[PDB]
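So this first bit is one chain, no partners, the form deposited in one PDB entry, shown in structure tokens.
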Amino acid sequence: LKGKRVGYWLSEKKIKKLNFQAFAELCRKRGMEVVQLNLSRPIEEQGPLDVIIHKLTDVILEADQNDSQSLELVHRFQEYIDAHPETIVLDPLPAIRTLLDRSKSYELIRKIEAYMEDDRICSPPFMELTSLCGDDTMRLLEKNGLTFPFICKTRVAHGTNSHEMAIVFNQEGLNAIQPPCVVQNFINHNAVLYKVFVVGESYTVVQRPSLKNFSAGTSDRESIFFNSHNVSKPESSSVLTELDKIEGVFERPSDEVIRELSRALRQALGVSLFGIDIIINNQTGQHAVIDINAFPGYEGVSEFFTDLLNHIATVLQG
């Protein structure tokens, strides 16, 4: 492992929160060379590279919106990868584009559920709402299987305000929707969120606070705006987190379901650094995947730096 050379492009915001500069010094003591890539230079000038770990989703977004600077950056990384199929990429770019779009990620999940054909997994119905359409909006939502209450989220799952959401309970509360957005059926789950952090083959299930239970169907409740990251941070104390009482099924996630679901995501995308947000439907007992996260923060995850080396050492053994 000594002499192996790894490069990385991360946002100093990913970097700081992962404490990535400390992890780079961790690897240099193991015998590695860890280089912070300059995407001003051609990347061949910084080679050779055995592993490239990155999260360029925010360059990827700009490049799709015809930003000259960002398409230039994406080009040079892609043409470096074609000229170097030996360099390991964590993670491939087609997986980045999929996970930054909530509509694409939610559709990917529903297809993987049909793949496993296991009655323990389910996805809440969803649809992309590019615009509201008058006094009759719900009939458009009813044809995609959506009922009150549902959650409005941003349709791009990265950047500022991408965690700002709103839960709508009745016809009066449709003005809370701000399109274009993604709407998703709200699932009662006894205010427990199981965040599954995946680093290659090893994974960690972290239990987090979540939204409390509400009445199924239509309620006389005003729409509630919240921040999903703030609500489910390793500890929030919110009016939305305080559960009233246990209602319906309250079981703990099946370890077999998490493992088989993690494999199906790594096979479908080639992704190896990601997180799965899972809630337990208190109303059928099924595992409900509500969001996918590309290379997340791994906030306070036990033994993350150790699992990250073992992953980097694992991919280099092939």
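Residue numbers here begin at 1 and follow the sequence given. Rigid core: the largest C-alpha set superposing within 1.5 Å between the two forms.
Although it is not shown, the form deposited in another entry is what the next lines describe.
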After superposing the two forms on their rigid core, pick out the one entry in 262, 293, 281, 70 with a CA shift of 2 Å or more between the shown form and the other one. 70
Please say whether, between the shown form and the other one, the C-alpha of residue 53 moves by 2 Å or more once the core is aligned. no
Tell me whether residue 32 is among the residues that move between the shown form and the other one (Cα shift of 2 angstroms or more, core superposed). yes
